[PDB]
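Chemist: quick one: experimental structure and sequence below.
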Amino acid sequence: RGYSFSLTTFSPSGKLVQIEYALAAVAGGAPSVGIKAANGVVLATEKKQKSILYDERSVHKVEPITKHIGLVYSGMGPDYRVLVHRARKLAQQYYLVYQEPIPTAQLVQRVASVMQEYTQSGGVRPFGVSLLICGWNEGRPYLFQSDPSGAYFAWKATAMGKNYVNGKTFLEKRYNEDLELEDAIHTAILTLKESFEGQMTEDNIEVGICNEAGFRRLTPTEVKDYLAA
Amino acid sequence: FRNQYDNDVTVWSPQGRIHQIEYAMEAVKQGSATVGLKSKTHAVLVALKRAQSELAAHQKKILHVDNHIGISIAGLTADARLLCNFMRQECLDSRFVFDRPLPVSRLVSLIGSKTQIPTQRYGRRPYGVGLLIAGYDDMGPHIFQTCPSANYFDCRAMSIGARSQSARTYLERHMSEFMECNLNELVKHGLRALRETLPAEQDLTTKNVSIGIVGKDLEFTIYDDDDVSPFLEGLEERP
Amino acid sequence: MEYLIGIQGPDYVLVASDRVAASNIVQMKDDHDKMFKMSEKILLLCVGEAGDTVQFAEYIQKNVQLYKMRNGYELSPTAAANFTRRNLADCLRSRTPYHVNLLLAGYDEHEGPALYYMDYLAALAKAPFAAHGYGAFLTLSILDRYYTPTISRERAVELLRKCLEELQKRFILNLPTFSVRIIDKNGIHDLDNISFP
Amino acid sequence: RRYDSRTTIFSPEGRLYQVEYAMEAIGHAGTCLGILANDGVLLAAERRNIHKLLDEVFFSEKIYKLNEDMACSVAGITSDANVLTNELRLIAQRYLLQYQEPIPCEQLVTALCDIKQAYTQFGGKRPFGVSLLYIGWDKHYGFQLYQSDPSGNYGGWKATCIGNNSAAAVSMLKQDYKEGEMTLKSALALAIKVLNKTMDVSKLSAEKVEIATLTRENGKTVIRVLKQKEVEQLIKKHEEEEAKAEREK
Amino acid sequence: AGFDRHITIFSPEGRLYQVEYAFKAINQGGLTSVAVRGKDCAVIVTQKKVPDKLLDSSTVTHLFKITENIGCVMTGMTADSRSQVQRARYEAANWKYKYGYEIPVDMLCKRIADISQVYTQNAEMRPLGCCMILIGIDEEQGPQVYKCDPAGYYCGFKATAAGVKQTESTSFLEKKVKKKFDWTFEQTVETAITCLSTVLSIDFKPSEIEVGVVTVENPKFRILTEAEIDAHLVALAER
Amino acid sequence: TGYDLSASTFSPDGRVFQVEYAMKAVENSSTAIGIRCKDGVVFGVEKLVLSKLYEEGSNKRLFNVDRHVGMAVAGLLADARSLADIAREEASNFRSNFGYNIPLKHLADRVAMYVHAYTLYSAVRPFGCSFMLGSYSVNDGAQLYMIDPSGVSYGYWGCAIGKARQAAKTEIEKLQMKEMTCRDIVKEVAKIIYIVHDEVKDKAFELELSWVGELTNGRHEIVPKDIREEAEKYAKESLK
Amino acid sequence: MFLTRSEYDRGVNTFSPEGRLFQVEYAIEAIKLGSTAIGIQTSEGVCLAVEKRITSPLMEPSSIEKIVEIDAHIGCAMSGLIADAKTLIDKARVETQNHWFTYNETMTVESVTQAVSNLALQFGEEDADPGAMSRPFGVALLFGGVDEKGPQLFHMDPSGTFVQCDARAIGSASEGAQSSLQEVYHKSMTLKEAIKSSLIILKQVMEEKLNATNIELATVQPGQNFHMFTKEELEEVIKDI
Amino acid sequence: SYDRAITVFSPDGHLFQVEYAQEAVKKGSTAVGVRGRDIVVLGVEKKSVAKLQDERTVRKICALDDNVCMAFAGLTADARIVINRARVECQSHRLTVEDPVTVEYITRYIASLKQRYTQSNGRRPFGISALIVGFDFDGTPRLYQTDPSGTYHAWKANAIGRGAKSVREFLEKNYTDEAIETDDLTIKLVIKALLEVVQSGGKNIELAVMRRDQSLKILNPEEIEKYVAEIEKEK
């Protein structure tokens, strides 16, 4: 009824419906999986393209906010770019003020605060993208998810996007805390494999790894090797 | 239904008509009639004032913008008071800046621009006062009418207000005579034309008629209750 | 040109000020009071450029009073000092610097007697005894010579009287009468004006 | 018809429904409990999140340290909470800069509550949907526990629970709490007992609860989140104590 | 429903219907545009339909030059298209002023696309209903083709189409890229014309098509003259 | 269906109806025609005389937007006068900053962009006026440009706006205007204006003619009454 | 046959088919909710009278203030929402004072009404200023004063229109009081007759029996400044009735 | 129809949202004020202890300044904002005119704040009605009441809040010059009146007296017990 349309209106039952509707957008998004291994965090997502015509090198689902922090998204694509840019900017502001790379937890709190701001005003629409943010700070791997609501949770492993619920179950069954990243990247490709609905190919999937060295996107050749397994 | 398309000035109707502007135009009809006519040397405004009660004084229908320009209001008085102030300030501004009486035509263009902005933007209602503006400038006597819609027209003569068609009819038939008329004749012709608007029982009285005259040698003057007596006495009886 | 002196003690703070307000050379008032009571147990004594003194003092007095009404507990003497300093400091950078020199004296049940000194530039220092004014130069030494951290109230008024008599003997300006008040756990208590006829 | 939208329309009968609707949200949230004891004040919360793949990176999910002398627990929309906690931390730091003394506990609560009232009065913003318990020691009133509501109305409670099954907890607390006799040790026990009844899980996981205690030691307040081993001992002690009463029965 | 009617509201299934409605507008124009990228050249071809003989053919164009070396074809509402072209031209110059080098095509699409997201997230404005395809040569990466849609998506494509027959056009192009032979300038132009012609079944004459090309040898965007278009068209028929 | 209430909205089929509704407004107004010949551009408006009371040579629908450019408007007159003001301001600015008379193609574009802005936002309604601008400069040539309420701007060799636009275009089409000279076109414009006017529906019309070209030395000016009178005679005779 | 759709009434800035701007009209109706106030202007002076409508004996009668002094020369009797009157009485008080400061003279009653009227007209969202009430004001004020032209009574309405009235009644019983006023008013009446006549009309319109407490009466004769009859004076006049 | 916006006026010229805010005041706890010759007494009912709730935090009666005290009935949070704003003004007047605020000045200020909220949509009327008691420079006792609308009136005695109608009737009959003759008698009258509406006895009434120059004193629960006892005994 009336509660559904407004974003500043709590429904009888105290649910802000437009945010719930916004989360539904993320669910419709392409599957994305994040596993936090002891030595690293692997972020991977499906980049399935409608046609061979699309040039894959042009746009990347997995992006680097800073040398040690990288993010993947499930949801509305235009929105991801806005958040990524604000994130890249928020980090540079930390560097200028404190001259130290931003701790990952700090960026996720800051990006989330931006998301909450969009939620408050009637004029704007909540962002429809959820971000998985992975980083290596203080010799420790970190993985975090920020939902359109503005809430950040820390996940040892999680999957967002289509078939998220099934993905999480597969991961809970296959997750070992002591896993090394080389094993973990394999676990992730398997998790995506569950819902791919097509032959996975190097182009169809995009994967990124965070370690002491810092966030990097595995190039297509490297993934082909991992897929060969 | 078509209840929709009438709520705001910002909604165009399926057939190209902005209804609120039209509804605003209807406001002028609600007001008491006023007649304006021009002669080669003079411009005259005559008005039929209305009174809330016998004890109450008749309202002011003719207001002086400047020595060379004066207006008669038909419609919501509030909109008129606001527009008149804008006009007065625009005239005062010209004298301070250029030391010239503002050309009457230029003022009407400015009233039109101010009036149009409410029509296209959500927010302020369209002004619902209809104004007859009369002035003598170097070009000559001028009579202009302004609709609640910002459109403005230059007229040999015009009557705006309730039952104003009757006045326009008289004015059209006797129009040719007006150009060469003397001032007394011109006001007399006008008083007769507004008489047509009046209900048959009602008659022009010193109390309900206001005459404003501006001319090459006459600064706009509003002859009022006892000073309309010279112009009214010469008039005859109802046809 | 105006003298403020305060002597802290074991259980009391004694504060005194000249009662003269003057124009170029005419001493318009002989009974100006430069002590403003911020709270039952806090007194701010202010000397400085004319106008700025009354204006800053009143603002601080009212703000301190608002705290009392709003929270029900009076501000601690130390807190008030920090508050006045913040305000004066903020203004120093601004185009409207209040040129005021202040001494704040208060008794807090928990922290005992306290005397704070702030200069126009807004430095705050807690001090055992302090004075502001050209007179201070002449009298600070007398206090330094005869002050014991354990001074008794009777001894303190005596020390203050000695300090003031020097101003009569050597200071060029004529400050004839002084107002003296003591803050103790009981609260601000007025003491007789020490007047050198 | 509908006098319940916009937060600025009083209903015939004078009720602001949007605030009431907001209060409903706190009910869905995980239970948080605070008990005031002569020695210290404690906040214990139920970490509703129990998904196996979640990491305890933070000091606490629901207990936040507003200032050296005070702490808060939040129940309600998490995003709204993050905004309020940031504000509370700034409000406190501003008092310290201005008066160079720690913010009195009631004042921090009164100020946040004022931000919460404003959101209700002005038209565009939704009323904040969070209810939070503040625990702190102030020189003026010693140890104090305060509960806040989306309305902006705050109260001082010796013990209270906000969130799911709050009513059951208050009833249990009403009989169990002994005024003037509580000690942190006894209170931590009361907390485990009430939490056990309110939470659906038969056994408190000891990973499903977070308990934080504020005590003044050596003249400086210490807010410590009890580590899991400490809580596990408390759960075992309760399990045994209740079992012994059942064994007697 | 009512889930549609405001861009900001999200559908119960999170679909932001208004943005989708805008993509429909591009088709309402009834024109299709095809862009193909060769080894050394990038070409944009669009159908030019002149509704009336009176209209000057020179004025009607969907091909605009964002900067000397970047060219764009905008399909959709004509007015919205011109608006985006200006923003692009402003953005292109602002990059040269601030950063000192010509904007890379990808960055122009990114900036233009990002502007579109703001419209998609803010309540008052409507997503502009136009799609812009930019062709440019980047020294590092050779020829580039990028399309920005009303949503804010900015993907770059080896070949792409926009308009009524986009799906059919994409299929034809897809078959031709899959049997990759690489494309010389002539082939890149020929492939484009054959694709537009086959999907529309038009059998085009030089006047009906506007073709724009960027080449590594001559990087500047040039709109081919009717004679040049005819030469390629004649060759296609001959073979 | 709530799709047509605002211009921000887009109909499910992709059409912004409020703009289309605004375009219907111009059809309510009387026809106005502009023809571009080699020497210059001639514009004509059939100005209906609603009442004898209204002064002749007033209620003009042809405005001079700058010394070298003239505007003929059809549609809600109030908006048109306001659009004319926007155009005049733009022309002044181009002279003030760039130091020369505005190229007409640019002027059309700048005014069009202003008109288009109204199309996007929900606070303001689309403008209800369709206007034609024409100028002759020796360097530029003779240019006629027409702007719809949508903000689409295109250059027309010959153009018509108003209630009888379709009928007028057919007549304008048989003119071979490019070869024709400015003086001859004034007679032709009148013939078309007379042909389109419907005597039964519209009681009477006064033809207002304006022209810019080599003859006017590139200044848009009202056609001298002698020339207008000769043309009105040519038209009535042709109407037969 | 009933067509009661309305649908143009809600929301100022909306003109009804027939151009009636109903919200303003409804505001004029509000003054009928208010207590009746009657003003008679006579050569001797202008007299203003109002019915207090005291709800409970505990409420102090003095506080109800339906007749107030804008300045010594001009006074106002207000009927309608008390609160919006307070704003309008304040604009008037400042404007009379501003005129003394700028021109060292006393504003005529008409100018003061024009001044308050200008504020009332602003309800239309005429100005861009945030601090202007969107709703038309719900008060009608009768302003009476001795000026250069002698005793004058002007009546102002929520629309903002103002007119001189020899006698006017604003309020619940204005219709009917006005009718009676029309019969009783003669230009020549002295203020003493008017005070008696106005109080006679009020006694008839008021539900409660007239008592000094229930009525407020004021006069501004040319020599004197605004004067409010005290209970003793009121008792003498009411006794005469 | 005409009840959804503060700005809209109903056919019949009633602004409904302001009236509805006045309904909110009725839901609030009762408060009674009696203007005695030398003492003004303000008394408010306390809803309940709740056992585990500290009572210091909940205070209906507050001192705006040394000479002015206010009691409120209505949404509690709004009262805290109005009370705070009044306190800033009291101190600000002292800064601007160097003189203590008269009871009426504070009443007018509080009223204007409320009217300001009623005047524009986008703000909700404060749902509080307040009794402001004070002693003026002349020393006359003054009691004023304010309502969400912004109307201020002076009442010799008044009750706001739930049951106000019943107490006000009791006060009308009970109030007399004789009752206000003794300061104790004045305190007794308010206690007796609140007793009429309070479900419980003295345990649920909080009462405070302001003397001619003394500061507001909230009577200790024991002092209240003594008064209720004298009243009960006399019954």
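Modeler: Nice, I can see it. Residues are numbered from 1 along each chain as shown, chains lettered A, B, ... in the order given.
Chemist: which one of the residues in chain C is closest to chain F?
Modeler: Of all residues in chain C, residue C:95 sits closest to chain F, at 37.8 Å by Cβ to the nearest Cβ. The C-beta positions use only the backbone N, C-alpha and C, and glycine is treated the same way.
Chemist: that residue: neighbour count?
Modeler: Residue C:95 is flanked by 5 other residues according to other Cβ atoms under 10 Å in any protein chain shown.
Chemist: three-state assignment of it?
Modeler: Under DSSP: H, G, I helix; E, B strand; the rest coil, residue C:95 falls in the coil class.
Chemist: and chain A, which of its residues are near chain D?
Modeler: Chain A comes close to chain D at residues A:2-3, A:6-16, A:36, A:105, A:109, A:112-113, A:115-116, A:119-122, A:142-143, A:149-151, A:153-158, A:168, A:171-172, A:175, as judged by Cβ under 8 Å from any Cβ of the partner chain.
Chemist: intersect those with the contacts of chain B.
Modeler: Taking Cβ under 8 Å from any Cβ as the test, chain B is in contact with none of those.
Chemist: which of those are buried?
Modeler: Of all these considered here, the ones buried according to neighbour count by 16 or more other Cβ atoms under 10 Å in any protein chain shown are A:3, A:6-11, A:14-16, A:36, A:105, A:109, A:112-113, A:115-116, A:119-122, A:142-143, A:149-151, A:153-158, A:168, A:171, A:175.
Chemist: the residue of chain C closest to chain F and residue C:85: what is the separation?
Modeler: Look at residue C:95 and residue C:85: by Cβ to Cβ, to the nearest Å, they are 20 Å apart.
Chemist: likewise residue D:133?
Modeler: Residue D:133 is 35 Å from residue C:85, by Cβ to Cβ.
Chemist: what of residue D:162?
Modeler: 40 Å.
Chemist: also residue G:67?
Modeler: From residue G:67 to residue C:85 the distance is 54 Å (Cβ to Cβ).
Chemist: residue B:197 now?
Modeler: Distance, residue B:197 to residue C:85, using Cβ to Cβ: 79 Å.
Chemist: the closest residue to residue E:191 other than its chain neighbours - how many residues pack around it?
Modeler: Counting by Cβ to Cβ, 6 or more residues apart in numbering or on different chains, residue E:191 lies nearest to residue E:36, which is 5.2 Å off, once chain neighbours are set aside. Counted by other Cβ under 10 Å, the residues lying close to residue E:36 total 30.
Chemist: which residues sit in contact with residue 31?
Modeler: Using chain A here. Residue A:31 sits next to A:45-46, A:74, A:159-164, A:167, A:192, A:195-196 when contact means Cβ atoms under 8 Å, 6 or more residues apart in numbering or on different chains.
Chemist: wrong one, chain G
Modeler: For residue G:31, the contact set (Cβ under 8 Å, 6+ apart) comprises G:79, G:80, G:138, G:139, G:140, G:157, G:158, G:170, G:171, G:174, H:13.
Chemist: which two among those are spaced furthest apart?
Modeler: G:138 and G:174 (14.8 Å; Cβ to Cβ).
Chemist: just give me the longest strand of the chain.
Modeler: Chain wasn't specified; assuming chain A. Determined from DSSP state E, the single longest strand within chain A is strand A:129-137.
Chemist: not quite, go with chain G.
Modeler: Taking DSSP E as the criterion, chain G has its longest strand at strand G:139-147.
Chemist: what strands flank that strand, and is each parallel or antiparallel?
Modeler: The pairing partners recorded for strand G:139-147 under DSSP bridges are strand G:74-80 (antiparallel), strand G:150-156 (antiparallel).
Chemist: ok, residues contacting the last one?
Modeler: By Cβ under 8 Å, 6+ apart, the list of residues contacting strand G:150-156 from outside reads B:56, G:39-46, G:48, G:108-110, G:113, G:116-117, G:120, G:140-146, G:162-168, G:170, G:220-222.
Chemist: what angle separates the lengthiest helix in chain G from strand G:150-156?
Modeler: Using DSSP state H, we find that the single longest helix of chain G is helix G:82-103. Following axes from the mean of the first three to the mean of the last three Cα atoms, to 10 degrees, one obtains 140 degrees for the angle between helix G:82-103 and strand G:150-156.
Chemist: what about helix G:82-103, near chain B?
Modeler: No - Helix G:82-103 does not reach chain B (Cβ under 8 Å from any Cβ); its nearest approach is 15.2 Å.
Chemist: do you have the strands of chain F handy? List them.
Modeler: Under DSSP E, chain F gives strands at F:32-36, F:40-48, F:62-64, F:69-75, F:129-137, F:141-147, F:153-155, F:158-161, F:205-213, F:221-222.
Chemist: so which of the ones you listed is nearest residue G:182?
Modeler: Residue G:182 lies closest to strand F:40-48 among the strands of chain F, at 50.2 Å (Cβ to Cβ).
Chemist: with neighbour numbers in mind, choose between residue D:162 and residue C:85.
Modeler: Just comparing residue D:162 and residue C:85: by other Cβ under 10 Å the higher neighbour count belongs to residue D:162, 28 against 20.
Chemist: the more buried one contacts residue D:145, doesn't it?
Modeler: No - if you go by Cβ atoms under 8 Å, residue D:162 and residue D:145 don't touch, sitting 11.4 Å apart.
Chemist: mind checking what helix or strand follows the helix of greatest length in chain H in sequence?
Modeler: Taking DSSP H as the criterion, chain H has its longest helix at helix H:76-97. Using DSSP states H and E, the helix or strand that follows helix H:76-97 in sequence is helix H:103-119.
Chemist: how far is that following helix from where the chain is centred?
Modeler: Helix H:103-119 sits 15 Å away from the centroid of its parent chain (Cα atoms, centre = their mean, to the nearest Å).
Chemist: just checking: what are the partner strands of whichever helix or strand comes after that helix?
Modeler: Next in sequence after helix H:103-119, counting helices and strands by DSSP H and E, comes strand H:128-135. Paired strands of strand H:128-135, with direction, are strand H:68-74 (antiparallel), strand H:141-146 (antiparallel) (DSSP bridges).
Chemist: find the closest residue to chain H in chain E.
Modeler: As assessed by Cβ to the nearest Cβ, chain H sits closest to residue E:123 within chain E, at 17.0 Å.
Chemist: quick one: that residue from chain B, how far?
Modeler: 13 Å (Cβ to the nearest Cβ, to the nearest Å).
Chemist: residues near the closest residue to that residue other than its chain neighbours, how many?
Modeler: Spatial nearest neighbour of residue E:123, chain neighbours left out: residue A:123 (4.4 Å); criterion: Cβ to Cβ, 6+ apart. Residue A:123 has 12 neighbours, counted by other Cβ under 10 Å.
Chemist: OK, contacts around the closest residue to chain F within chain A?
Modeler: Across chain A, the shortest distance to chain F (Cβ to the nearest Cβ) belongs to residue A:123, at 11.4 Å. By Cβ under 8 Å, 6+ apart, residue A:123 lies in contact with E:8, E:122, E:123, E:124.
Chemist: got a ChimeraX select line for the buried ones in those residues?
Modeler: Here the buried members of the contacts of residue A:123 are turned into a ChimeraX selection, burial being counted by 16+ other Cβ under 10 Å:
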select /E:8
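Chemist: many thanks, we can stop here.
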